[PDB]
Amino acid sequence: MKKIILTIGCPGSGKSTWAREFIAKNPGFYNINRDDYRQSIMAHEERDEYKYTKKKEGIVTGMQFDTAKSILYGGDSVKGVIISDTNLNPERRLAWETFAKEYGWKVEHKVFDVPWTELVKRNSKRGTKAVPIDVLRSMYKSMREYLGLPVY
């Protein structure tokens, strides 16, 4: 039963590194990523310039599910796909669940619980890929909610 692995964590939590190393050590897995698609369709404009519009986001979402479906419908060599996004939004996670249940695939979770102080340190050294402190703060809160930790 092919797997759909969702990485869960704020930017800077180690998701991309894990995904890259996992695929290298586990033949048969492929990566699917929202940031890659957003940058691609805009021909690699400066990250800060990307405007999260309903039109673009819908296109990016469409690319993710169609790619997942095309790959998962592969041969026996295909073991699964990795959705290397933050996946902090409950609605997005539910989408992948209903998607997998519809085609007989198994959804797994790869959690990257990293301390706030550490996330800030890493985020402060990513330049163009860095995220504004307020946005990071908000994603960290969503992560705590996912973990079932208390939040204000």
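Just count from 1 along the sequence shown to find any residue number.
Of the two segments, 57-65 and 42-50, the one listed with the higher mean B-factor is 42-50 (C-alpha atoms only). If you average the C-alpha B-factors over 123-131 and over 24-32, the higher value belongs to 123-131. Remark: of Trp96, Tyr37, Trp105, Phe112, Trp105 shows the highest value [criterion: C-alpha B-factor in the PDB entry]. For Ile82, the recorded CA B-factor ranks within the lowest third of the chain. Only modelled residues enter the ranking. Among the modelled residues of its chain, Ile8 has a C-alpha B-factor that falls in the lowest third, as given in the PDB entry.
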